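Given next are two forms of a protein chain, the same chain in both, each as structure tokens and marked structure 1 or structure 2.
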Structure 1
């Protein structure tokens, strides 16, 4: 009586995940994701690194744009992420099976990733996806370099205990551009206060706003493009009205404070 993959039935909005070929951001860094979800490929002589991937569908559309930008599965060396939620780490496992890639990630994003997003601090097992093992554990401020480009982890706990920001500089207009890929600072439906699964939640977000402000931030990009008023649907005017870390940050803190305000009502 009806298989296991026969149902199970996934609601899919045909408007999500509308693919898009590489949208260049700098000499070496491109946005190969989809239009509603960041996924930055940065190419290098030694290999290439991917920051975030999006949803689990996206693996083969990402792997496409990695060829449209001259990256073979073997040339994909390293995968970084922002946080280990299904819509940013979704395809990591598959890509690891299909590429030469390995994953670097902090201890708390590694655990969430390895249990596939299950037992989420706020969504339980609703948001469950294909688990992956991390190949390298990173410490706050640790630097990873690949063929000249230098990546720095900045922990910004909040959205996820393991929410990270990565920073690297590459050329572009010939001058350096200090690229801050900052994680979500959102808190959707989250019990903020007296949360037994995250007692320093308010404190952590608080320190993460400050962290994001201080980022070496010529160009901010966020995993949800619109979080920083990008619009990957405006050609070379994507980051035209792109926010700055200070702006992004003060924005989130302001909405956070408002969230908090309504929780402390009754």
Structure 2
């Protein structure tokens, strides 16, 4: 006779958990996560910003890389998120306990973060992480300024209701670089059509493709580097093959249209 199943751990490809040393993207912007998960540190004369943290077990590695960059825990002022799933917001709660960092996020992301990814529209309770509270709620198009770096929120609902692209301007070789950190546009295993928990899912994705296509975007980065053709392990060539925001949006839309057609058939 038969017990209920044991809880299943959220396991991921090893490369998503492979620590790397900081990789510079522009004068004040560094990739400090793992080989296959983005976590961006932006260092300013007035403290540091982190965009995403990756998986829940990455907190100590992130703090190690911050220290290597000259950022102590007090100096971390702000955490921003692409979306509040466990592989991107995983260590946010712990980072808040261990640093000076406060979280800014939109209402949708704040609600999902506050329940630790539980009651997900598509995953249920299958992929959870430690819950965290947001200190500031942002609206679409709102700006946050740290040490003179101006971050702009661009809502791009679909992958989660609260999915956000964050843009800012850094410098490189003397010139401005408009960086776009665009969120995921995948729909992994999602019911797209007639989903009772997300009735306008398709319309939202279509609007989000258009938003991403139009972002100020000299350099695109994504939560999974492979989605934008980054290879964080390739050193001086890590970004050489990166997609434009236009190409990223177009590729995501073509994949999405294929998934819709497969869903209608299946």
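Positions refer to the first chain, counted from 1. In this text, the rigid core denotes the largest set of C-alpha atoms whose superposition between the two forms falls within 1.5 Å. Residues that one form lacks are left out of the comparison.
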Using a rigid core superposition, assess whether residue 7 undergoes a CA shift of 2 Å or more between structures 1 and 2.
yes
What's the distance in angstrom the Cα of residue 174 travels between structures 1 and 2, core superposed?
1.1
Cα shift of residue 250 between structures 1 and 2 after core superposition, in Å?
0.2
Quick one: CA shift at residue 16 between structures 1 and 2, core fit, Å?
3.6
Provide the ranges, sorted by sequence, of consecutive runs with at least 3 residues in which each Cα shifts 2 Å or more between structures 1 and 2, based on a superposition on the core.
1 to 16
